[PDB]
Amino acid sequence: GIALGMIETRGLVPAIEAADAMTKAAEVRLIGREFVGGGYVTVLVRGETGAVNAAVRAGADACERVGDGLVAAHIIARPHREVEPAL
Amino acid sequence: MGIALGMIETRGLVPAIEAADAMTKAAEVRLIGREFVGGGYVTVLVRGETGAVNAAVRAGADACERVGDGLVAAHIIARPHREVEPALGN
Amino acid sequence: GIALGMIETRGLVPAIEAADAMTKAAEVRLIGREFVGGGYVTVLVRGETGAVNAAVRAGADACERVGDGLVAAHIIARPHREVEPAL
Amino acid sequence: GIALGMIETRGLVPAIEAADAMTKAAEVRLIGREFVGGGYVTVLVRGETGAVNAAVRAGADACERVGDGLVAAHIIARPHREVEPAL
Amino acid sequence: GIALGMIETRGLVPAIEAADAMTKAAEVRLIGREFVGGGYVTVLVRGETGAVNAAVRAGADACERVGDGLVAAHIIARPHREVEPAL
Amino acid sequence: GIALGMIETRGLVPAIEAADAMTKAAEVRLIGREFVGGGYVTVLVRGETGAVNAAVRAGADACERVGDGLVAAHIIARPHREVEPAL
Amino acid sequence: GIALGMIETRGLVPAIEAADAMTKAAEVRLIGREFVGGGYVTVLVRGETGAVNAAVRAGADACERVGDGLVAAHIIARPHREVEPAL
Amino acid sequence: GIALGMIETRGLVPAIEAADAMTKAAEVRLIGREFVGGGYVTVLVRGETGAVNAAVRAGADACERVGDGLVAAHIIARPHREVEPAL
Amino acid sequence: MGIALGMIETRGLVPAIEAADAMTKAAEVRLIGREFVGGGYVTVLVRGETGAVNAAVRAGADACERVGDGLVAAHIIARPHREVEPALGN
Amino acid sequence: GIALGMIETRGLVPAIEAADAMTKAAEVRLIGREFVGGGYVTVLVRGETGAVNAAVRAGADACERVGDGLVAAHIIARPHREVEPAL
Amino acid sequence: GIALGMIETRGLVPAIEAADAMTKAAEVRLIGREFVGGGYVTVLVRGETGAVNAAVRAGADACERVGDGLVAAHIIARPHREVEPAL
Amino acid sequence: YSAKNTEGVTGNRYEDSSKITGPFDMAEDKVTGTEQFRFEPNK
Amino acid sequence: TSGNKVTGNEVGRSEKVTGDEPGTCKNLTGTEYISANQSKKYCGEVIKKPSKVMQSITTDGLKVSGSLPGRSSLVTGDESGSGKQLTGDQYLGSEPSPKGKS
Amino acid sequence: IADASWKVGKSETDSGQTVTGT
C-alpha cells in the first residue's frame, strides 16, 4: 500500500511506543525514524489506507499515555510521487 | 487494483472534474470514467481499495459541494456485483 | 424469472445504487440500463415474482436517502412477448 | 488482504447474518466458520483494513437483533505472522 | 431455487418439526442439519424466494410452542458464492 | 504549460465569448469544448498558472451579462498527470 | 523456551486476540488452540519465563473487555516433561 | 520556473503535509527538505510564479491546524543566482 | 541475545548515566544504545530477558526520578518486531 | 541464566522443602546449601530472573508453616563477579 | 571590501528572504549560512562598508514582519584578520 | 512551548497484575526480594 | 483566506496597473493565488475556501489530521456500524457519526 | 549599549529596526 502513515512526539520513548504500536496493530511497512531536533522525534510508515488508519489510531492511543505523548500525527491517503524522495 | 467503487454526482461538469482531481490527489486510486446523464447531471466513477476510495470521496465531496451548482450525491460501494459492471462499462 | 422490476431515479448515482441493491437482494438479472435524459435514469431487472418483489422493495428502501431520491419504482410480473422489442 | 475480521454470536442464524454482511460489504473472503461450543459460533473473514472494517460493522448492525444477537466482534488489522496456523 | 432459509431452535424436536413445516408448506429442499452446540440446532433449506418465505413463516408459526421453542428464523434471497463452500 | 482552467456556462453564447476572452487576454490553448447536456456547456484551456488565472478568472466578465450567464469559474493548478489529462 | 504460558477465555474471538497480544507483546511461539467445550477456548504459548509472564499479563490486561472476558490466565515456569503428550 | 516558494512548520508532520499540499494543489517540483534545528522544519519548492503562489496559499491554509502548525511562510519571486549555495 | 528491549528517555545526560548505571547494576541487560535526541533528551537502550529488562528498567526509574531534572518516562517492550530493529540501528 | 535467588529458614526441613519448591516450580539450577549456624539454613538457586522469582514463588508459600518457619526470602537481581568466592 | 554584515533570526524564512534583500539591495557577496541551533539561523554577507550598511538596513527593515522576525542587527566594518578563520 | 505536562512513570505492560496467574499471587506481604514491591510503580 | 501570513512578491490588482482591471470580485472556485487582502479591499468580502486536509479525534482523545478515511455527512453509504460502540483496535475516530440510516 | 565608539547604537534605516550591524 502506498498510503503513508506517520506520527511525531516529544522524546524517543513515545516514538518507540508508536513504532511498536504501528508494527503490532497493522502490518504496515516501516519506512524511517527521523530526529526533527529539539526533542521532536517522528516515524514514517507505509501501507494500505485502512491498515494505515487503524495502525495510526492505535499508535496514537498507545503513545498518548507515555512520556509527553503524541504531539502531531496525520495520514495522507494519496502521497504524491515527488514527496517520497524528500523523505 | 481493489474493485472498491467510488461514485459521485454533480450538477455540472466543473464540480465533476474538481471532484475527479480530488479523487486523484487524495489517494492512489484509478478513475474509470465520467458520464454525462443529461440536464447538467454528471457522474464520476473511480476504483480502488475501500479505505483509499473512502478518503478520496470524502476529500472530493468536501471540495465539491459549493463548486458550481454543487454536489448532488456522494456515495461509496465497496463490493460491486459481477452483474453491476454491465452498468459500469465493464 | 420472467417478472420485470424497474426503478426510476434522479441521476446515475441513485440508479446504480438501486441496481446494486437489486443484485444484492434477490435473484435477478440486469437487462436494462437506460438514460432517459434530464437526469432520469431507469434500471430494468428480471427475476422471479417474489424475488423481484423483495429485491425492488430493498431498492425502494435504498433510494430514498440517496441524492435526490426516487422518482418511480414499479413492478410488473408479466412482460408480453411483443414487449420484448421495447426491452 | 492479511487483516482478519471476527464475529461471534449465539446460534448459527446470526452467524449467517454476519457472513451475509461480510460478503456483501467489501472484498473479504470468510476464511472459516467455527462451532466453538455451547452455542457459540464464530466467523472469520480475511481482507484489507478498510474492507474488514466495513464488513465487520455491517455484520454488527446486521446480526444484533437477529435471534439472540451478536456477543463478540473484533477487527485485527495486523494479524501476527506465527498466529497463522489458526487459519 | 437459490434462496436460503435458516431455522434455529432449542432442540432437535422443534428443529425437525419446523423442517416438516418447511418441506410441507412450500416447494423447498433442506440442504442440511447441524447441531450448533449446547442444544442449539439449525436446519438449512433451499428453494425459491417466495417458497422459502412461506415455508419459513410456516415453521416459525409451528415451532415457538413445540418443546423448548423457537429461537431464530431467517431468509437469504441471495447467498453469496463465498458462503456455500462454508455452508 | 500544464495548468487546467475551465469555465461553465448556461448556454454556449457565454461559452464562446468566454473562450474568445480566454485566448485574447492570455496565450493559452483551448483543449476542450464539451456540451454537458440540457444547456450546460464547459470549455477547458491549458496554460501556465499566471496565464490561466489572468485568462479564466478575468475572462467570463461579459458572461453574467450575456445570455443566461455564468455557472462556475474554476481553475486547477496541477491536474493529476497520469489519468485525467487524456480526458 | 520451556516456560509455558496458557490462557482460558469464553469465546474464540477473545482467545485469538489474546494470542495476538501474546505474540506482539513478547517474542514467543504459541503451540495450542483448543476448544474446551461450552464456549471455553484455551491458548498455549511457549517461551522464557519473563517473556511469557509479560505477554500473559499484557493479554490479561487487554482481553477482559472483549467478548465475555477472561476465564483464567496462569503460567508454569518449568512444566514437567511428561506433561508434553497432553499438549 | 525559478520562482521560490517555501514554508516552515514546527514539527515534521505539518512540514510533510504542507509539502503534500504544495505538490498536490500545484505541480511544482520541491527542491529541499531541510531541518532548521530545534523543531523548525523548512520545505523549499521551485516553479512558476502563479503555481508557486497557489501552492503556497494552499499549504499555508492547510498547515495552520496540524500539530503546532505553520511558523513562518513567505515567497521569493526572483531569487538571485548566488543564494543557491545559501539554500 | 536478549530480545526484550528496555529503553528510557530523560532530561539531561546525568540522569541518563544514572539510568545506565542502574541498568548495568540491576540485571542481565546489555546496553545497546545511548543517543541524544536533542534539546536535552537522552535515551538509553538495553536488551535482555523480559523479567530482567523489567527489573532493570524499574531500578533505573527508581534511581533516576530525583537526580537532576529527572526522567519523563520508562518503557519496556516484550516481543519487539524485527521491523522495528533497523530503526534502532540493528 | 545467572540471576541469583536464595532463601533462608530456621531449620533444615523448611530449607530442603523450599529447595524442592525451587527446583519443582521452575527450572532453576541449585548451586548451594549452607548452614549459617544456630539453625539458620540457606539455599542458593541460579537461573533466569523470571525463573528465579518463579522458584521463590513456591518456596515462600511452602516454608511458612514448616518447622520454625521462613526466615527471609529476599533475592538478588544480579550478583557481582567477585561475589562467587563468598558463595 | 572587508566589511562584514550579518543577522540571525528565528526561523529560516526571514533568513533567506533577508539574504535575498542583502544581495538585491547592494552589491554584497554572501559568505555564510549558519544553523545556530534553537531556532536561530544566521546569514553572513561580506562587502564594502556603504553597500553592506545599505543592504543590511534595508533587509532588517523588511525582515521584521516576515516570519518570527529578527534576533539582532548590527555590523562590524573592519573584522580583524584572526576572525576570518572563525568565519 | 506547548504544555510540557509534567508526568512521571507508567510501567507499561508491567506483567504484575494479580489475576488467574497462579505462580504469581505470591508477593502478597511475602517474599520481600528486590523491587517487585518496593516503590510500587503507580501506573 | 484563512489568514495565514504570506511575505513576498505580489501579483494581482493595484492602483498603478494597466490591463488587468476586468475580472475583480468574481467567484474563484478551485485553486487560487490571489491574496485575501486584495479581495477584502477591492470587494468588501472574503470568499472562504474549504481546506482539503481534515481532522478527527482518536478513541483515546488524541488529535489526527490528513486524508482520514472516516465518516462524513456529505458522503452516504458508510453509516452501518458507526452508531454503536466500535470493536477492538481503531479505524474510525471518536467523533460520532453525524446522521444516516443505511 | 555603551558609548558609540566601538559599537553604533540604534542607528535606524527605514522603519524601527536597530540595524546596528558592524
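Residues numbered from 1 in each chain as written, not as in the entry; some residues may be left out. Chains lettered and ligands numbered in written order. Part of a larger assembly, values for the part shown. Heavy atoms only, no water.

### Thoughts on the overall build of chain A
- On a plain count of helices and strands, chain A comes out with two helices and four strands.
- Along the chain direction, N to C, the helices and strands of chain A fall in the order β-α-β-β-α-β.
- For chain A, the C-alpha radius of gyration of 12 Å lies close to 12 Å, the compact-globule estimate for 87 residues.
- Judged by the C-alpha coordinates and their principal axes, chain A covers about 35 × 25 × 15 Å.
- When burial is assessed residue by residue, chain A has 82% of its 87 residues classed as buried.
- Considering only contacts within chain A whose residues lie at least 6 apart along the sequence, 70% involve residues at least 24 apart.
- Roughly 2000 Å² of accessible area belongs to chain A as shown, and the carbon and sulfur atoms make up 55% of that amount.
- Between the averaged position of the 9 positive side-chain charges in chain A and that of its 11 negative side-chain charges there is a distance of 4 Å. (Helix = DSSP H or I, 4+ residues; strand = E, 2+ residues; numbered from the N terminus. Rg over C-alpha atoms; globule rule 2.2 N^0.38 Å. Buried < 20%, exposed > 50% of the residue type's maximum accessible area, 1.4 Å probe, protein only. Contact = heavy atoms within 4.5 Å. Areas by Shrake-Rupley, 256 points an atom, 1.4 Å probe, with all protein chains shown as cover. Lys, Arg positive; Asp, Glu negative; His and termini not counted. Charge placed at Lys NZ, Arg CZ, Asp CG, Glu CD.)

### Side note on the sheet that holds strand 1 (residues 3-10) of chain C
Residues and elements named next belong to chain C.
- Read from one edge of the open sheet, four strands run 2-3-1-4, paired in antiparallel fashion. The two strands at the open ends of the sheet, each matched to only one other strand, are strand 2 (28-37) and strand 4 (70-76). Mean inter-strand twist for the sheet, computed between neighbouring axes without regard to direction, equals 15°.
- Two elements, strand 2 and strand 3 (residues 40-47), share eight bridges in a ladder whose sense is antiparallel. Opposite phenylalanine 35, over in strand 3, you have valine 41 as the bridge partner. (Pairing = 2+ DSSP bridges. Axes fitted to C-alpha atoms, helices over the stretch in contact; angles between N-to-C directions.)

### Some points on unusual backbone geometry
- In this structure, B:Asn90 takes a positive phi of about 55° despite not being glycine.
- Assignment of secondary structure puts B:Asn90 in the segment after strand 4 (71-77).

### Some details on helix 2 (residues 49-60) of chain J
- The end-to-end C-alpha separation of helix 2 of chain J is 16 Å, in line with the 16 Å expected for 12 residues at 1.5 Å each.
- For helix 2 of chain J, the buried fraction is high: 10 of the 12 residues fall into the buried class.
- Elements in contact with the buried residues of helix 2 of chain J: helix 2 (49-63) of chain G, helix 2 (50-64) of chain I together with strand 1 (3-10), helix 1 (13-25), strand 3 (40-47) and strand 4 (70-72) of chain J. (Expected span 1.5 Å × (residues − 1).)

### Describing helix 2 of chain I
Residue and element names in this part refer to chain I.
- Taking 1.5 Å per residue, 15 residues should reach 21 Å; helix 2 reaches 21 Å between its end C-alpha atoms and fits that length.
- Burial of helix 2 is extensive: 11 of the 15 residues sit out of reach of the surface.
- All of the buried residues in helix 2 are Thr50, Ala52, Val53, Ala55, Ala56, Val57, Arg58, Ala59, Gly60, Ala61 and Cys64.
- Capping of helix 2 at its N-terminal end is provided by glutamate 49; its side-chain oxygen lies 2.4 Å from the backbone amide nitrogen of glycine 51. (Polar contact = N/O pair within 3.5 Å; in protein donor to acceptor, adjacent residues only side chain to side chain.)

### Thoughts on the UniProt feature "domain: BMC" in chain B
- Under the local residue numbering, the UniProt record ascribes the feature "domain: BMC" to residues 4-89 of chain B.
- Annotated as 34% helix and 37% strand, the span residues 4-89 of chain B places its first and last C-alpha atoms 15 Å apart. (UniProt positions renumbered as here; feature names shortened; annotations may be inferred.)

### Remarks on the side chain of G:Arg57
- Among the secondary structure elements, G:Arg57 is positioned in helix 2.
- Here G:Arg57 falls in the buried class, since its relative accessible area comes to 9%.
- Looking at G:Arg57, its side chain comes within polar contact range of the main-chain oxygen of L:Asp16, at 3.3 Å.
- With residues up to four places along the chain from it excluded, the contact list for G:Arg57 reads L:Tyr14, L:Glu15, L:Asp16, L:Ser17, L:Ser18, L:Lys19 and L:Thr21.

### Quick word on the relation of the copies chain G and chain D
- The two copies are related by a screw operation: chain G maps onto chain D through 61° of rotation and 0.7 Å of translation along the axis, at an RMSD of 0.7 Å. These values place the two chain copies in the arrangement generated by a six-fold rotation axis. The C-alpha atom lying nearest the rotation axis in chain G is that of G:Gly38; the distance is 3.8 Å.
- A share of only 10% of interface residues in chain G that are also interface residues in chain D marks the association as one of differing surfaces. (Least-squares fit on C-alpha atoms.)

### Here's the deal with the pattern of salt bridges
- The final tally for this structure, using the stated rule, is 23 salt bridges over all chains.
- Here the residues in one salt-bridge network are B:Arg79, D:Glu27 and E:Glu82, joined through shared partners. (Salt bridge = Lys/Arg side-chain N within 4 Å of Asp/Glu carboxyl O.)

### Focus on the arrangement of the chains
- As for chain H relative to chain D, no contact occurs, and the smallest C-alpha gap between them is 22 Å.
- At the level of C-alpha atoms, the two units chain F and chain K stay apart, their nearest approach being 23 Å.

### Quick notes on the environment of E:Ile76
- Tracing the sequence through the fold places E:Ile76 in strand 4 (residues 70-76).
- Between the C-alpha atoms of E:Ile76 and E:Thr49, which are 27 residues apart in sequence, the distance is 8.2 Å.
- Among all residues touching E:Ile76, those that are not within four sequence positions of it are D:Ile16, D:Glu17, D:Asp20, E:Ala3, E:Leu4 and E:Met6.

### Description of the interface of chain A and chain M
- Listed by partner, the interface residues are 21 residues for chain A and 20 residues for chain M.
- Roughly 1400 Å² of surface becomes buried between chain A and chain M when both sides are summed, with 49% attributable to carbon and sulfur atoms.
- Joining chain A to chain M, the criterion identifies zero salt bridges.
- Viewed at the interface, chain M and chain A are joined by 17 residue pairs in polar contact. (Buried area = accessible area lost by both parts, 1.4 Å probe.)

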